[PDB]
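All remarks here apply to the structure that follows.
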Amino acid sequence: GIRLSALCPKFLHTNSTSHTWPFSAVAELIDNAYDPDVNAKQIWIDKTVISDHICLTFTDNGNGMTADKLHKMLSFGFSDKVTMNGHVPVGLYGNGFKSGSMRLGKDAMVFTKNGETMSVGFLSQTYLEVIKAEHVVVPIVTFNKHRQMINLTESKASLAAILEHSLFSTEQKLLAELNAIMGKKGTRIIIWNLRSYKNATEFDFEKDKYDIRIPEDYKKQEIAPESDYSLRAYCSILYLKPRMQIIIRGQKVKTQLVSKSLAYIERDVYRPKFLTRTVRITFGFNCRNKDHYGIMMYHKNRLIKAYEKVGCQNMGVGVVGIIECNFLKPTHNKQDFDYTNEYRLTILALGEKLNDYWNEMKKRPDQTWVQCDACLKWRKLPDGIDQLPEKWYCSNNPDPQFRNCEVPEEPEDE
Amino acid sequence: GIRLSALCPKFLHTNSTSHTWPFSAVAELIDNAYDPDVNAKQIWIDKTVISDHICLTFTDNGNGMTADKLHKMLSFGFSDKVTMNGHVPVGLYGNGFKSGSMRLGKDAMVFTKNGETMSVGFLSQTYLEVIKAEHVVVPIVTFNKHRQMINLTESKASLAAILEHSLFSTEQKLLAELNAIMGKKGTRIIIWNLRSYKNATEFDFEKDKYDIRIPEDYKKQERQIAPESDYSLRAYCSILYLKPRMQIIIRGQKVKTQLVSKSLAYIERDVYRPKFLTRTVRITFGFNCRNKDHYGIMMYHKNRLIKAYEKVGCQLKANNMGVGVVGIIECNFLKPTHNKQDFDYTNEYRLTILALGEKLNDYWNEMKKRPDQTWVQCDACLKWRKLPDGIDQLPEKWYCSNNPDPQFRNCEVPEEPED
Amino acid sequence: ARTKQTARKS
Amino acid sequence: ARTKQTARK
Ligand SMILES: Nc1ncnc2c1ncn2[C@@H]1O[C@H](COP(=O)(O)OP(=O)(O)NP(=O)(O)O)[C@@H](O)[C@H]1O
Ligand SMILES: Nc1ncnc2c1ncn2[C@@H]1O[C@H](COP(=O)(O)OP(=O)(O)NP(=O)(O)O)[C@@H](O)[C@H]1O
Ligand SMILES: [Mg+2]
Ligand SMILES: [Mg+2]
Ligand SMILES: [Zn+2]
Ligand SMILES: [Zn+2]
Numbered sequence: 008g009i010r011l012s013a014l015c016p017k018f019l020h021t022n023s024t025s026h027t028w029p030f031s032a033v034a035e036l037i038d039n040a041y042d043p044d045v046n047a048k049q050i051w052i053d054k055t056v057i058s059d060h061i062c063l064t065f066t067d068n069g070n071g072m073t074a075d076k077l078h079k080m081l082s083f084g085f086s087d088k089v090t091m092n093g094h095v096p097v098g099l100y101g102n103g104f105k106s107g108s109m110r111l112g113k114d115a116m117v118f119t120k121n122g123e124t125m126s127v128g129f130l131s132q133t134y135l136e137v138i139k140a141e142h143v144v145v146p147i148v149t150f151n152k153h154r155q156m157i158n159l160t161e162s163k164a165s166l167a168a169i170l171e172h173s174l175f176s177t178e179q180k181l182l183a184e185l186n187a188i189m190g191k192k193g194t195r196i197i198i199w200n201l202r203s204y205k206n207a208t209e210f211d212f213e214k215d216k217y218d219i220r221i222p223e224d234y235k236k237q238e243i244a245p246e247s248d249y250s251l252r253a254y255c256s257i258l259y260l261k262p263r264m265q266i267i268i269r270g271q272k273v274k275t276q277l278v279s280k281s282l283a284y285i286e287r288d289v290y291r292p293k294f295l296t297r298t299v300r301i302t303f304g305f306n307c308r309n310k311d312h313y314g315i316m317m318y319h320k321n322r323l324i325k326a327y328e329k330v331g332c333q338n339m340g341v342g343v344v345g346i347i348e349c350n351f352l353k354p355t356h357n358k359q360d361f362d363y364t365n366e367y368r369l370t371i372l373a374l375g376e377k378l379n380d381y382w383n384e385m386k404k405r406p407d408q409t410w411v412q413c414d415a416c417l418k419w420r421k422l423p424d425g426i427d428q429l430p431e432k433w434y435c436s437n438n439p440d441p442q443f444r445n446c447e448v449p450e451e452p453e454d455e
Numbered sequence: 008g009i010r011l012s013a014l015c016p017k018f019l020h021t022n023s024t025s026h027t028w029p030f031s032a033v034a035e036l037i038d039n040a041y042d043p044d045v046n047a048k049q050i051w052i053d054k055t056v057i058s059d060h061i062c063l064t065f066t067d068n069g070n071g072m073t074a075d076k077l078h079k080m081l082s083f084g085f086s087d088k089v090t091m092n093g094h095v096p097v098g099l100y101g102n103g104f105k106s107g108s109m110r111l112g113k114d115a116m117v118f119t120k121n122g123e124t125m126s127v128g129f130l131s132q133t134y135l136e137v138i139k140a141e142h143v144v145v146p147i148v149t150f151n152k153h154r155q156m157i158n159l160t161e162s163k164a165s166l167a168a169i170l171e172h173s174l175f176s177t178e179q180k181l182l183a184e185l186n187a188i189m190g191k192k193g194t195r196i197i198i199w200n201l202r203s204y205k206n207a208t209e210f211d212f213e214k215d216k217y218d219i220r221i222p223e224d234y235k236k237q238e239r242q243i244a245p246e247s248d249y250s251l252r253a254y255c256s257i258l259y260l261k262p263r264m265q266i267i268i269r270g271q272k273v274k275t276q277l278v279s280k281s282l283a284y285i286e287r288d289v290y291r292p293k294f295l296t297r298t299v300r301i302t303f304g305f306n307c308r309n310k311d312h313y314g315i316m317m318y319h320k321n322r323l324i325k326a327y328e329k330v331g332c333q334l335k336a337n338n339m340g341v342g343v344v345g346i347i348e349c350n351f352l353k354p355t356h357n358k359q360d361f362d363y364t365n366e367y368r369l370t371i372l373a374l375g376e377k378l379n380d381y382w383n384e385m386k404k405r406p407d408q409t410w411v412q413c414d415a416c417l418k419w420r421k422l423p424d425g426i427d428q429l430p431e432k433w434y435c436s437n438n439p440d441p442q443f444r445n446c447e448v449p450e451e452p453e454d
Numbered sequence: 001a002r003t004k005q006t007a008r009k010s
Numbered sequence: 001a002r003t004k005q006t007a008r009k
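Line by line, the protein sequences are chains A, B, Q and P. If you count by PDB author numbering, then the first sequence holds residues 8 to 224, 234 to 238, 243 to 333, 338 to 386, 404 to 455, one letter each, in order. If you count by PDB author numbering, then the second sequence holds residues 8 to 224, 234 to 239, 242 to 386, 404 to 454, one letter each, in order. Residue numbering for the third sequence follows PDB author numbering, beginning at 1 and increasing consecutively. Residue numbering for the fourth sequence follows PDB author numbering, beginning at 1 and increasing consecutively.
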């Protein structure tokens with residue numbers, strides 16, 4: 008007879024307030040694709056328009072979800088991720104999709120295929136406001152491999168809601184997105200009702216069509245390094261030892277390598293009292309720029325903090345350190361660690377070591410298109426596609442904006 | 008037929024990961040007492056031991072809660088607070104108690120009286136682990152003014168749970184805490200299983216008897243010599259509210275609120291008039307006479323302090339500029355972050371920051404005992420028991436067994452030495 | 001009821 | 001199927 012704690016729709020906004028850098032939210036979605044339970048080898052991040060709404064999409068070729076798993080994804084605190092074959096999940100908290108999605112936009116939808124079933128999940132602030140829901144309710148529709156519904160009572164109600172309040176008015180509209188996952192397995196996340204300032208999106212898509220950017224009005237709370249304002253630059257350094265390929269705006273992201281990025285590389289070790297094991301550090305002088313230097317702190321192969329100054333905050341420059349600390353704990357937005365005693369010690373050690381180091385030491406990739414078999418029109422393709430079907434038609438186009446034979450061909454780049 | 012989104016117990020820890028500075032969590036509990044729906048005049052923050060567990064307690068003489076409201080309190084996202092008579096609530100998110108309590112400790116209990124009923128609510132990670140709940144369930148027990156149980160099916164179950172896994176193993180143990188709320192109306196929050204490092208709590212209670220402090224290994237992350247507020251709860255509580263409406267008592271000694279007029283010199287006033295607003299924002303600029311070296315901008319939101327000692331303008335630029343210069347501004351137009359220790363980093367925040375620095379620069383170029408403890412004597416045993424500051428009035432006859440303080444509740448317990 | 005006072009010592 | 005290639009930018 009004991010009551011369950013309840014979730015109010017308003018909390019959805021509240022849970023997003025930790026992200027003050029939007030890329031933190033983006034990073035979270037990427038992480039979920041990266042994690043070994045999904046095991047995606049590609050993630051495509053795109054900007055498109057659907058039903059007159061600017062949309063951000065995250066599409067991956069990973070394992071997908073059962074319906075129940077979908078529910079957990081749309082629920083708070085459920086995570087069951089284990090290391091596989093030395094692939095360690097970043098995911099811990101069980102909050103990352105909600106916090107990220109909602110930070111990016113009011114409304115989000117998840118289409119997933121696990122190769123036995125496909126499901127569609129709705130997490131909308133807008134929907135909840137309209138129906139004046141007192142609880143967070145997440146519609147789910149599920150289908151067999153044959154496009155036949157299952158779990159009908161849930162599905163019927165869910166579909167009715169989704170069709171009515173969703174971007175996608177028709178069943179036909181929904182399955183198109185399911186179709187945009189080319190493989191048997193995978194997931195597509197669509198987010199709309201993006202944060203707008205000055206009646207325009209927080210993001211700037213105009214300046215570089217191959218990037219998602221933060222407008223000039234840019235630096236973090238903290243001359244800004246690129247990763248601060250370019251998603252592409254950020255994605256490059258996001259993973260220390262990349263296991264997945266990220267495509268932004270259809271152009272794949274070229275990962276940096278320490279070699280060819282740094283000179284006078286030297287190794288160092290951290291042997292805290294509190295730790296069983298040693299932790300390596302790599303110190304380098306920064307080739308590309310100068311102004312960008314500091315420590316790169318990675319946790320579980322993912323980047324938490326970058327360009328953090330240590331030791332000498338002038339004096340000591342162009343110096344970079346790379347360390348991975350799996351013993352620290354990330355904060356709510358995974359952009360910092362908990363400010364513990366151990367964290368403090370690590371920072372201290374890093375500075376001393378860096379100081380020692382200092383004293384001691386002194404063409405984008407080609408686009409690809411396919412021709413439609415029933416227009417003869419050429420339609421643009423994103424990188425990272427291993428296989429095309431024998432014949433390709435505008436109808437099966439993943440890009441929402443050229444799914445019609447009657448859609449004029451895009452000019453190639455001037 | 009659509010499914011409800013679900014809360015997993017593990018989330019309770021997750022929600023607490025915003026707070027990296029323990030005080031931010033404490034602050035949330037204070038705000039909730041401060042807020043006009045509660046309207047507490049006084050809040051008592053204490054360290055005590057119960058059932059062999061160190062505990063932090065937060066007790067107020069505010070309006071209290073109905074059973075349902077208590078449920079919402081133990082629920083995520085429900086807030087319905089409105090300004091009254093110019094008293095503007097701090098809370099809008101609906102997450103602060105959960106985020107705070109859980110940051111401070113694994114388990115928490117809430118006792119409340121609204122003067123028609125009293126109810127008790129349990130929010131424990133430990134309880135949830137032990138019964139392996141897949142969902143967050145919050146047991147609640149509710150009573151009538153006559154100490155009779157009501158809403159029985161829930162209470163009956165709720166109660167059984169509280170006794171078994173709670174600190175308080177008996178109906179009697181529970182009612183004691185309810186008693187510790189002296190007024191007809193009010194609330195008591197008890198938090199236990201506090202965070203421990205080095206097999207000791209993250210907090211240091213022994214260095215100062217009258218304070219809750221963070222031990223030295234202490235500066236905040238942002239900071242580089244540390245002002246008091248960073249390591250002392252009392253120091254922090256002084257500056258917490260711009261125009262205080264409530265009295266905070268820590269460890270039984272009340273907290274005296276700092277005043278600008280008595281704290282700053284060469285006070286000057288400036289105005290912020292940005293294009294995005296229809297109203298002026300006042301600013302106060304002062305020189306810090308007192309510790310030379312805590313200076314910067316204090317930014318207040320809804321009369322509440324969000325960040326302090328933010329360095330702006332020339333102060334940023336070099337070692338030597340702006341030192342001793344303090345600014346006070348309230349920004350109601352900004353939005354606080356998850357832990358309410360910062361604002362959302364938006365074009366508006368950036369602009370405001372820029373203006374403060376320019377304005378601060380202009381200013382800079384332009385210019386150039405503790406209160407007594409009180410004791411009460413037990414009528415039955417004649418022992419003297421220490422009393423916290425802030426009590427408006429006492430009953431005619433007082434006995435060790437009606438003591439709010441948990442540690443001295445029976446006459447059989449030795450009288451405590453005076454200082 | 002009866003009440004003393006004392007000095008708190010820093 | 002048929003696939004062109006192109007320079008970017
Ligand atoms: N792209 C995806 N593909 C497959 N499964 C996913 C995907 N995104 C989320 N999930 C599932 O839904 C859950 C939600 O992810 P998230 O909300 O990030 O929680 P988490 O990754 O487990 N922990 P954290 O990320 O640390 O908050 C994950 O546990 C996954 O099981
Ligand atoms: N000491 C208290 N006395 C009475 N009611 C309380 C008390 N603390 C919390 N509540 C109720 O419980 C709710 C939860 O508080 P909290 O979790 O802080 O949410 P909030 O203050 O409404 N919003 P925020 O604090 O901004 O997250 C409040 O809205 C109050 O209605
Ligand atoms: Mg995740
Ligand atoms: Mg609050
Ligand atoms: Zn075609
Ligand atoms: Zn006595």
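C-beta atoms are modelled at their ideal positions from N, C-alpha and C, and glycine is treated no differently.
Beta-bridge partners of A:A115, as assigned by DSSP: A:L130, A:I198
Per DSSP, what are the beta-bridge partners of B:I219 in this structure? Paired residues: none, contrary to the question.
Is B:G98 close to ligand 4? I mean its beta-carbon at under 6 Å from any heavy atom of the ligand. yes
Examine ligand 2 and report whether any of its heavy atoms sits within less than 6 Å of the Cβ of B:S86. yes
For the region 438-446 of chain B and the region 414-424 of chain B, state whether three or more C-beta atom pairs, one from each stretch, are separated by less than 8 Å. Touching, yes.
Buried versus exposed call for A:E161 [16 or more other C-beta atoms within 10 Å across all chains shown]: It is buried - the Cβ of A:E161 has at least 16 other Cβ atoms within 10 Å.
Grouping DSSP H, G and I as helix and E and B as strand, with all else coil, what is B:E384? helix
According to the neighbour-count rule (16 or more other Cβ atoms, all chains shown, within 10 Å of its Cβ), is B:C349 buried or exposed? Around the beta carbon of B:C349, 16 or more other beta carbons sit within 10 angstroms, so the residue counts as buried.
Taking 7 Å as the cut-off, decide whether the C-beta atoms of A:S126 and A:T119 are in contact. yes
Under 7 Å between beta-carbons, which chain B residues line up against A:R368? List them in chain order, please. Contact note: A:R368 reaches chain B through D224, using a C-beta cutoff of 7 Å and chain order.
Using a cut-off of 8 Å between C-beta atoms, extract the partners of A:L429 located in chain P. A1, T3
Rounded to whole angstroms, what is the Cα-Cα separation between B:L174 and A:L277? 55 Å
Residues within the region 406-432 of chain B neighbouring chain Q, beta-carbon criterion of under 8 Å: From the region 406-432 of chain B, only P406, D407, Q408, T409, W410, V411, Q412, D414, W419, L422, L429, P430, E431, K432 have a Cβ closer than 8 Å to chain Q.
Cβ pair B:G107, B:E35 closer than 7 Å: For the pair B:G107 and B:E35, the CB atoms are nearer than the 7 Å cut-off.
I'd like to know if the region 20-36 of chain B and the region 95-115 of chain B are in contact, where contact means that at least 3 CB-CB pairs between them fall below 8 Å. yes
Pair within 7 Å by beta-carbon distance, B:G342 and B:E328: no
List the residues of chain P whose Cβ lies closer than 9 Å to the Cβ of A:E453, in chain order. Proximity of chain P to A:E453 at the Cβ level (cut-off 9 Å) is accounted for by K4, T6, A7, in chain order.
As an exercise, report each continuous alpha helix (DSSP H) stretch of at least 4 residues that is fully enclosed by the region 154-182 of chain A, in chain order. 159-172
What residues from the region 81-94 of chain A come within 8 Å of chain B, judged by C-beta to C-beta, listed N to C? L81, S82, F83, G84, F85, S86
Could you give the distance in angstroms between the alpha-carbon of A:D38 and the alpha-carbon of A:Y259? 10 Å
Find out if the Cβ-Cβ distance for the pair B:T73, B:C62 is shorter than 7 Å. In terms of Cβ geometry, B:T73 and B:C62 do not form a close pair [threshold 7 Å].
Does the region 265-282 of chain B touch the region 319-334 of chain B, meaning 3 or more C-beta pairs lie closer than 8 Å? no
Using a Cβ-Cβ cut-off of less than 9 Å, list which residues of the region 18-33 of chain A approach chain B; keep chain order. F18, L19, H20, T21, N22, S23, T24, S25, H26, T27, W28
Could you name the residues of the region 252-282 of chain A whose beta carbon sits closer than 8 Å to any beta carbon of chain P, in the order they occur along the chain? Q271
Give the residues of chain Q in contact with B:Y217, contact being defined as C-beta atoms less than 7 Å apart. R8
Among B:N321, B:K280, B:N70, B:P245, which has the Cα closest to the Cα of B:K192? Distances from the CA of B:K192 to each of B:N321, B:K280, B:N70, B:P245 were compared; the closest alpha carbon is that of B:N70.
With a threshold of 6 Å on Cβ separation, who are the neighbours of residue 7 of chain B within its own chain once the five nearest residues in sequence on each side are excluded? In the structure as shown, chain B starts at 8 and stops at 454, and residue 7 of chain B therefore has no counterpart that could be examined.
Bridge partners - B:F150, DSSP secondary structure assignment: B:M125, B:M156
For the region 44-54 of chain A against the region 136-156 of chain A, are there 3 or more C-beta pairs whose distance is under 8 Å? no
Whose C-beta lies closer than 6 Å to the C-beta of B:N357 among residues of the same chain, with five residues either side of it excluded? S25, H26, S31
Can you name the residues that DSSP bridges to A:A283? A:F305
For the alpha helix (DSSP H) that A:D38 lies in, which residues bound it at each end? Annotation for A:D38: the continuous alpha helix (DSSP H) segment containing it runs 29-41.
In the DSSP output, which residue or residues are listed as bridge partners for A:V299? DSSP lists A:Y290 as partners of A:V299.
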